[PDB]
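Chemist: these chains are from a complex, not moved at all, and more is on the way:
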Amino acid sequence: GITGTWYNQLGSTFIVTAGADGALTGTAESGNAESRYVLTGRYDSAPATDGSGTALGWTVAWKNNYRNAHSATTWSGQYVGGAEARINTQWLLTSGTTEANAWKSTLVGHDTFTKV
């Protein structure tokens, strides 16, 4: 269920593969190789059967062969296989700063992913 192509609410494209031992691997993009970055993470490979969703998280560092923004985003959330399968997340984006600007280093937000 988690394996596939997912889209967030602003239209970015996340191609994710879920491995048997809890690994998440894939890529995050915009439609150019210049805008493609590697993602990696983990998920709960044996969730509960009570109806709960499946907890997961992943990271993207915003460095590829073409560009480097000196930043990384982590998404923390859960997959729900409902009428529409979705992944609901909260994220944190941290930019490299000097320690004097460290208090403003980190943004927070939320993203919903769908296969549509």
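Modeler: Great, that's in hand. Residues are numbered from 1 along each chain as shown, chains lettered A, B, ... in the order given.
Chemist: Which of the three states applies to the residue lying farthest from the centre of chain A?
Modeler: Distance to the chain centre peaks in chain A at residue A:100, reaching 28.7 Å (criterion: CA atoms, centre = their mean). Counting by DSSP: H, G, I helix; E, B strand; the rest coil, the backbone at residue A:100 sits in coil.
Chemist: gap between it and residue A:86?
Modeler: Distance, residue A:100 to residue A:86, using CB to CB, to the nearest Å: 40 Å. No exception for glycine: its C-beta is placed from N, CA and C like everyone else's.
Chemist: hang on, isn't residue A:97 packed against residue A:71?
Modeler: No - here residue A:97 does not reach residue A:71: they are 9.9 Å apart, not a contact under CB atoms under 8 Å.
Chemist: list the contacts for residue A:67?
Modeler: Residues in contact with residue A:67 (CB atoms under 8 Å, 6 or more residues apart in numbering) are residue A:34.
Chemist: Same question for residue A:29.
Modeler: Residue A:29 is in contact with A:12-15, A:35-37, counting by CB under 8 Å, 6+ apart.
Chemist: closest to residue A:3 among those residues?
Modeler: The shortest approach to residue A:3 among the contacts of residue A:29 belongs to residue A:15, at 9.3 Å (CB to CB).
Chemist: partner residues bridging the closest one?
Modeler: Using DSSP bridges, the beta-bridge partners of residue A:15 come out as residue A:5, residue A:27.
Chemist: next up, chain B:
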Amino acid sequence: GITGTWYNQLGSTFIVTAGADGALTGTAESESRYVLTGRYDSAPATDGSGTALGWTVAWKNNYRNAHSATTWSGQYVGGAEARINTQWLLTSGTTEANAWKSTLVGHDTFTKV
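Modeler: Take a look at chain B, now in place beside the chains above:
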């Protein structure tokens, strides 16, 4: 720089390998050991900025499973008292109507001790 053993505020031990390709792999040890994986900026600036990174632990191994995952977002700061400063989000699997309460937030500081 990043590769090695790191200790957080509450005596947990993280052993991390920083790959040349930007990969972070390792373990988090608090039966208590779990895989971590993540990414870091493998070509950071040299203007005194720290190096941006993130990683994820899903809290399942061969013995236990808390149906949760934690992601840490932060940066490595090199030097005399090297540290990794982070913020984290812990998400637990909930049902639909408990989802408002699925996510904790906090912060952690890692040192080489």
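Chemist: how near is the residue farthest from the centre of chain A to residue B:49?
Modeler: Residue A:100 sits at a distance of 11 Å from residue B:49 (criterion: CB to CB).
Chemist: repeat for residue A:76
Modeler: For residue A:76, the distance to residue B:49 (CB to CB) stands at 25 Å.
Chemist: Quick check: which element contains the closest residue to residue A:110 other than its chain neighbours?
Modeler: Spatially, and ignoring its direct neighbours in sequence, residue A:110 is nearest to residue A:90 (5.0 Å; CB to CB, 6 or more residues apart in numbering or on different chains). Following DSSP states H and E, one finds residue A:90 within strand A:85-95.
Chemist: quick one: that strand to strand B:51-60, angle?
Modeler: Interaxial angle of strand A:85-95 relative to strand B:51-60 (axes from the mean of the first three to the mean of the last three CA atoms, to 10 degrees): 140 degrees.
Chemist: Need the CA coordinates for stretch A:30-40. PDB is fine.
Modeler: These are the backbone C-alpha positions of stretch A:30-40, laid out as PDB (Å, rounded to 0.1, in the frame of the first residue of the first chain):
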ATOM      1  CA  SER A  30       8.600  18.700  -8.700                       C
ATOM      2  CA  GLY A  31       9.500  17.800 -14.100                       C
ATOM      3  CA  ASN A  32      13.300  17.800 -14.400                       C
ATOM      4  CA  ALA A  33      16.200  15.700 -13.100                       C
ATOM      5  CA  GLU A  34      17.500  19.000 -11.600                       C
ATOM      6  CA  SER A  35      14.600  18.900  -9.200                       C
ATOM      7  CA  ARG A  36      15.000  15.200  -8.100                       C
ATOM      8  CA  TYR A  37      16.400  14.300  -4.700                       C
ATOM      9  CA  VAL A  38      16.800  11.100  -2.800                       C
ATOM     10  CA  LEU A  39      14.600  10.100   0.100                       C
ATOM     11  CA  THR A  40      15.100   7.600   2.800                       C
END
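Chemist: please slot chain C in as well:
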Amino acid sequence: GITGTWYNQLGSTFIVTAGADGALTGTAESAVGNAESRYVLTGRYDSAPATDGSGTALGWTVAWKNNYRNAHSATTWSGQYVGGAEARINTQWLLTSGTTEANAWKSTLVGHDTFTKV
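Modeler: Chain C added:
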């Protein structure tokens, strides 16, 4: 545009008054309107926002104690007001519970709420 009754995705009802000197005061209550479910809110907002189409920054707090009950916690909402025909307040919130020192690492929840006029 902020003064009025706002409803979040949970159905809860927030009655907010925005005063001329950036004060926000009001109540949070259940759909059902009973006294037991009513709590005080206080916060602040940008009383002279940009004219560029930007929204209006604001925040407020609710401690979940009233004369009837006490959950020993507080929620803060940080967000901005977007006006128009589909005025909304977009927020992220932190909820903190009183905890012993041992449990402080798990004292604070985070999430997001969107408020509408309808």
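Chemist: let's see the contacts of residue A:67 again after adding chain C.
Modeler: With contact taken as CB atoms under 8 Å, 6 or more residues apart in numbering or on different chains, residue A:67 is in contact with residue A:34.
Chemist: can you give me the offset of stretch A:63-79 from its chain's centre?
Modeler: Centroid separation between stretch A:63-79 and its chain, computed with CA atoms, centre = their mean, to the nearest Å, is 8 Å.
Chemist: which parts of that stretch are buried?
Modeler: Buried residues in stretch A:63-79, counted by 16 or more other CB atoms under 10 Å in any protein chain shown: A:63-64, A:68, A:70-79.
Chemist: Out of the residues you listed, which is nearest to chain C?
Modeler: Of all those, the one sitting nearest chain C is residue A:76; the distance, using CB to the nearest CB, is 9.7 Å.
Chemist: Tell me who's in contact with the closest one.
Modeler: By CB under 8 Å, 6+ apart, the residues touching residue A:76 are A:56-57, A:89-92, B:56, B:69-71, B:89-91, B:103.
Chemist: interface residues of chain A facing chain C?
Modeler: Counting by CB under 8 Å from any CB of the partner chain, the residues of chain A lying close to chain C are A:90, A:108-110.
Chemist: Repeat the analysis, applying 6 Å as the threshold.
Modeler: residue A:110 (CB under 6 Å from any CB of the partner chain).
Chemist: Could you give the residue of chain A that lies closest to chain C?
Modeler: residue A:110 (4.8 Å).
Chemist: I'd say that residue and residue A:92 touch.
Modeler: No - because the distance of 10.7 Å does not satisfy CB atoms under 6 Å, residue A:110 is recorded as not touching residue A:92.
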